[PDB]
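Asks: Structure provided below as C-alpha cells; questions to follow.
Only the coordinates and a few stated rules stand behind these numbers; no lab work does. Quick reminder, even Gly has a Cβ in these numbers, built from the backbone with ideal geometry, and neighbours come from all protein chains shown.
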Amino acid sequence: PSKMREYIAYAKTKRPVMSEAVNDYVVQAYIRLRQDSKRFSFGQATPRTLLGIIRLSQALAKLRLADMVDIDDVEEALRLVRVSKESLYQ
Amino acid sequence: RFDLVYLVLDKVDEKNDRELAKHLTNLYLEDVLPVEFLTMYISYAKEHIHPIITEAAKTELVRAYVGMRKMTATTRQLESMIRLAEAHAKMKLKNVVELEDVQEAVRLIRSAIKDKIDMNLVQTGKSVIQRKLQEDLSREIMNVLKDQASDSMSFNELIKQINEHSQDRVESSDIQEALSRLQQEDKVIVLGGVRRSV
C-alpha cells in the first residue's frame with residue numbers, strides 16, 4: 001500500500017506526447033466507432049468520447065513511463081471502450 | 001417569436017469528421033478578423049451607422065412574401081426580412097438597403113422554414129382526427145343511448161371500446177381532449193368519471 005503513491009506521482013510527472021501515425025489510427029478508430037454508432041442502448045460515440053479515448057491513451061502512456069503512445073495500447077483502449085459497450089448491453 | 005431557428009442536428013457521413021478530429025488534435029500536435037476589431041466594428045456599426053429603406057426593394061419584398069404565402073408564412077417572417085436586410089445594410093456600412101440584402105434575407109428565412117403555418121404545436125392531421133374522434137365518440141354515445149337509457153359511462157371502458165371499435169389505436173388523452181372540446185361546445189357534459197351526452 002505504500003508503493004503506489006510515488007509511482008503515480010512519477011506518472012503524473014512525465015506527461016507524454018504522441019505521434020501522428022498513431023493519431024491517424026485514432027482517427028480511423030473514431031470513424032469505426034461512429035459507424036458502430038450508426039448500428040438497446042442508444043449511447044453513441046461523440047467527439048467528447050474521442051477526447052476521453054485520448055485521455056485513456058496517455059494514461060497508459062503515463063503508466064509504462066513511455067514517450068510514445070503505442071498502437072496496441074490504442075487498440076486495447078478501444079477494447080476497453082468495447083468493454084464499456086458490453087456494459088451498456090450488460 | 002424567434003426570428004431564426006437553426007436545426008443543429010446532423011448525422012455522421014465520415015467526410016469532415018476525420019478533418020474535425022485531425023484539427024482537434026492539431027492543437028496538441030502543433031501550436032479572419034481579430035476579436036477586438038470585431039468588437040470595435042460592431043460598436044461602430046450599431047450606433048454610428050443608420051440604414052434606410054428604399055421604395056424600390058419593397059416590391060421584391062411583397063412579391064417574395066406572396067411567393068412564401070402561396071407555397072407557410074406569417075407577417076412576422078416579412079418583418080424579419082425587413083430587420084434582417086436592415087442589419088445587413090448595417091454590416092455593409094452603406095447606410096442604404098439595396099436589392100441584394102433583401103434576397104439574402106429571403107434566402108436565409110427560406111432556409112429556416114425548410115428546417116397555413118401549423119403553429120400552436122398543431123399539425124392538420126391531428127386537427128382533423130380530433131374532430132374525427134369527436135364524431136366517433138358521438139356515435140359511441142348514440143350506441144350507448146340505444147343500448148341503455150343512462151348516458152353516463154366509465155371513462156376507461158368507453159375509451160377502450162372507442163379505441164377497439166372506431167379506428168386504429170391512438171392515445172387515450174386525445175379522446176378525452178375531444179371530450180373537453182365537446183365540453184366547450186356544450187354538446188356533452190362531464191362529471192368528475194362520468195360523460196353524459198345530450
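Asks: Under 7 Å between Cβ atoms, at least 6 apart or on separate chains: pull out the pairs that start in the stretch B:164-190 with a residue that is of a type outside the set (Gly, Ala, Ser) and end on any residue that is part of a loop (DSSP other than H, G, I, E, B).
Replies: B:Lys187/B:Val198; B:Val188/B:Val198; B:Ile189/B:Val198
Asks: Now for a separate question. Given the options B:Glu19, B:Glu79, B:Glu47, B:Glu36, name the one that is within 28 Å of the chain's Cα centre (by Cα), surrounded by fewer than 15 Cβ atoms within 10 Å (Cβ to Cβ) and part of a helix (DSSP H, G or I).
Replies: None of the other options fit; the residue is B:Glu79.
Asks: Is it fair to say B:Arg131 is basic (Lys, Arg), in a helix (DSSP H, G or I), out of contact with any strand residue (DSSP E or B) (no Cβ under 8 Å at 6 or more places or on another chain) and surrounded by 15 or more Cβ atoms within 10 Å (Cβ to Cβ)?
Replies: Answer is no for this residue.
Asks: Anything in the stretch A:36-49 that is of a type in the set (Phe, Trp, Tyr) and within 13 Å of chain B (Cβ to nearest Cβ)? List them, or say none.
Replies: Passing the criteria: none in range.
Asks: What's the number of the condition A:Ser84 fails, among (1) under 26 Å from B:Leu9 (Cβ atoms); (2) within 14 Å of another protein chain (Cβ to nearest Cβ)?
Replies: For A:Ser84, the exception is condition (2).
Asks: Now for a different question. Of everything in the stretch A:21-35, what is more than 22 Å from A:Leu60 (Cβ to Cβ) and either within 13 Å of the chain's Cα centre (by Cα) or more than 7 Å from chain B (Cβ to nearest Cβ) (or both)? Give them in sequence order.
Replies: Across the stretch A:21-35, the qualifying residue is only A:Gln35.
Asks: In the list A:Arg34, A:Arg15, A:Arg82, A:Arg48, which residue meets the criterion of being out of contact with any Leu (no Cβ under 7 Å at 6 or more places or on another chain) and over 27 Å from B:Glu30 (Cα atoms)?
Replies: Exactly one of A:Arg34, A:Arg15, A:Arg82, A:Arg48 is out of contact with any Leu (no Cβ under 7 Å at 6 or more places or on another chain) and over 27 Å from B:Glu30 (Cα atoms), namely A:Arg82.
Asks: So which residues in the stretch B:22-33 are exposed (fewer than 10 other Cβ atoms within 10 Å of the Cβ) and either basic (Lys, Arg) or more than 14 Å from chain A (Cβ to nearest Cβ) (or both), if there are any at all?
Replies: Selection gives B:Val32, B:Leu33.
Each row is one residue, and each column tells you yes or no for (1) within 14 Å of chain A (Cβ to nearest Cβ); (2) crowded, with 16+ Cβ neighbours inside 10 Å; (3) among the aliphatic types (A, V, I, L, M).
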position	(1), (2), (3)
B:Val62	no, no, yes
B:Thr74	no, no, no
B:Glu86	no, yes, no
B:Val97	no, yes, yes
B:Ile109	no, yes, yes
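Asks: Another question about this same structure. Can you give me the number of residues within the stretch A:50-77 that are out of contact with any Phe, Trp or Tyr (no Cβ under 7 Å at 6 or more places or on another chain), in a helix (DSSP H, G or I), within 14 Å of chain B (Cβ to nearest Cβ) and crowded, with 18+ Cβ neighbours inside 10 Å?
Replies: Result for the stretch A:50-77: 5.
Asks: Still on this structure, I have one more. Could you check, for the stretch A:37-46, whether at least one of its residues is closer than 20 Å to B:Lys22 by Cβ and over 17 Å from the mean Cα position of the chain (by Cα)?
Replies: yes
Asks: Which pairs have Cβ atoms under 6 Å, sit 6 or more apart or on different chains, and link a residue in the stretch A:6-20 that is within 11 Å of chain B (Cβ to nearest Cβ) to one that is surrounded by 12 or more Cβ atoms within 10 Å (Cβ to Cβ) and assigned to a loop (DSSP other than H, G, I, E, B)?
Replies: A:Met18/A:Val69; A:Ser19/A:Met68
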